[PDB]
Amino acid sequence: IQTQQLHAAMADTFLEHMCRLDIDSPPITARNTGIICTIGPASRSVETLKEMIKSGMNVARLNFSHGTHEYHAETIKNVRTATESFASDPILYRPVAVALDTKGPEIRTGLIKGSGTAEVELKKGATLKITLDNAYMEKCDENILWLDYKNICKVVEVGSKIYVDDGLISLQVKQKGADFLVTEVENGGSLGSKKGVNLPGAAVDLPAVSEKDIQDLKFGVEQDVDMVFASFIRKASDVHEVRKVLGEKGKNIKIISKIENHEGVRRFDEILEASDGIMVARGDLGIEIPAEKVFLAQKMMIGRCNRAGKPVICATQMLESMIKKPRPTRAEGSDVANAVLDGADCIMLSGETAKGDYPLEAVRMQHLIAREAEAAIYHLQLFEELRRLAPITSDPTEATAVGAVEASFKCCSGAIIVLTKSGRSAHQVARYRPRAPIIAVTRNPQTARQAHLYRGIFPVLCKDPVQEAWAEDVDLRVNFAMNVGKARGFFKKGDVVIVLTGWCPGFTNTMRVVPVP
């Protein structure tokens, strides 16, 4: 039996491509889809972080909706300690990126009985009074809930719907007031502490980048984070507000815009052009818009991101049951596989790794599903379509990238080795979605960390000193990439690989089809 679903790859129709998908055809060793994991109490120790990197974590996500600046600074220190514990072997060292997820214009409840882990049961048809009196921030119960959004009574109306936690608890405003709302519980359950609140039909007037967000962003600039997941972005000027706060010191920090509402979907095109990447944050999105329409927004945003060549992240509840169970549901396995088939550069875990009981199992399961799904990609149709929709340009590097991907398909290349300084040449290869893994050799540690945003880029950080002869320096990094693929099992001596370098000390314009040793 052939491997990597190569029999399905030869199908002349997408229907026959489906008919040839073989569970007995093993995939390749390399996994092209990046894995972003949210760090929390269940994954903050250096010990867990080490195994998580070994399990397939590429980006550590820090959710600034919780915790103080000292809490996150320790998380960053632990991430770097666990990551650098493998730095002794540059061939096996896997770079790990650090991502700052902003709180954003969030609405959160108060503390229930005074404990963040405490909870209180709610019943259907019961009455719960929402208050803005700060005398009940930590005195929330089954009858009084405190909110942090002071202007709620001016944006919701009688008969409006209010959702708590992840849309699980629903409330309808029956009575209004100056600083209180009397709502009826429809969908009862356990109400916890500091849970998220959504007002779908309302136009929340909270700042896209609040003062806390500005302070949190400056903290990220000082901690040398690699990217920013900016929450509740609904327009391009919001993306710009984040970039100005990052200022000159953080020019190279990637801004990933999170689409979590209808306006963000409506204004997606202007948002995508202004951002470095997009996150389909299905948690809030699944509450702001009807649940049955979320898959339309996901496939649309991933499609437009592939067309523009910018990274897109599918996130939230991909393996939600693994928070309490060691194995996912069949729906969860399909969701991860379908996200990769959609064309998502990265898949995310947020809860399965931050607080769940099986954080390692969740990361390995994502690694396994993404690997199987990448082989099931209909590369024949995907590559030609990406070719037909690519604007014609006289940029020599873009021609080198598409020429490398085409050559990698013709000879079934073991890898595409790209020597890059900023990552751009490597990104231009990933935009055409080659089957072969992209080994991006760089001396810049930031671009090595940021390379995980693009599908298929395996960044390797060269710590060897710069040779005086440029041809020797190039040959060093290529040989460095050769040893990485050999040691990681991507290729072996005698296999064929594509090598992307420059010809003279500017941009990658040289393409070589070389044997491995």
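In this text, residue numbers run from 1 along the sequence as written.
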*Residues with no coordinates between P505 and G506, taken from the deposited sequence as a class*: 1 to 3
*Looking at the deposited entry, does 487 to 495 or 452 to 460 carry the larger mean Cα B-factor?*
487 to 495
_377 to 385 versus 149 to 157 - greater average Cα B-factor per the deposited record_ = 149 to 157
_Maximum C-alpha temperature factor per the entry, among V173, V405, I438, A344, belongs to which one?_
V173
*asked:* For the CA B factor values reported in this entry, which option in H427, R282, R94, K195 has the top one?
replied: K195
*Classify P207 as lowest, middle or highest third according to the C-alpha B-factor given in the PDB entry, relative to its own chain.*
highest
*Position of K421 among the chain's modelled residues by C-alpha B-factor, lowest, middle or highest third*: middle
*Lowest, middle or highest third of the chain for the C-alpha temperature factor of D141?*
highest
*How does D179 rank on Cα B-factor within its chain, lowest, middle or highest third?*
highest
_What third of the chain does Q467 rank in for C-alpha temperature factor, lowest, middle or highest?_
highest
